[PDB]
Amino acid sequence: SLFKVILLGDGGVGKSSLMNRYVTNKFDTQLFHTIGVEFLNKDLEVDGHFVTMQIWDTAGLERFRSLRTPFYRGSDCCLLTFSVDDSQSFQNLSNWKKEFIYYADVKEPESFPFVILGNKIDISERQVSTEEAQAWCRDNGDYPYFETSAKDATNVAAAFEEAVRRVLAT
């Protein structure tokens, strides 16, 4: 059926910018911060399988927790997103993983598919290195890691495609 994949992470890491880049191929400098949730349909072929997908976009800001968390239920894959110019967004990945598992109410949460995205790699002055992000992914569930730029349209489809592969695997 319909693959549900959902984007979590700190405010301003680029969640809405990744989803909009992937679905409508647009990018904007002054996007409004998300109030609650959004979803866009997206249909694709992955490894020759036709897939129907619904990308869910959630607010990063803490005060909107109560708006996002009812919509975690029934998600097939979770994309944990940080900005590579924001070491705090990277340190909070564990907090986002736990927030998902607490509200998602998934059977066997220890084998649930997470994909990790480090966004904004167009910015030269990085606060998070590739190696430390890979160390964390390897050491916290062994998740696939993708460095992305919504702005430059770098590696954006590859992250969502891999999420589909992980659901198909499950």
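Heads up: residue numbers just count along the shown sequence, starting at 1.
Taking only CA atoms, the mean B-factor in the PDB entry is higher for 87 to 95 than for the other of 87 to 95 and 74 to 82.
When the C-alpha B-factors of 123 to 131 and 140 to 148 are averaged, 123 to 131 comes out higher. Ranked by C-alpha B-factor against the other modelled residues of its chain, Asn20 falls in the middle third. In the PDB entry, a CA B factor belonging to the lowest third of its chain's modelled residues is recorded for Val5. Among the modelled residues of the chain, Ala153 sits in the lowest third by CA temperature factor in this PDB entry. Split the chain's modelled residues into thirds by C-alpha temperature factor. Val115 is in the lowest one. Among the modelled residues of its chain, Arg63 has a C-alpha B-factor that falls in the middle third, as given in the PDB entry.
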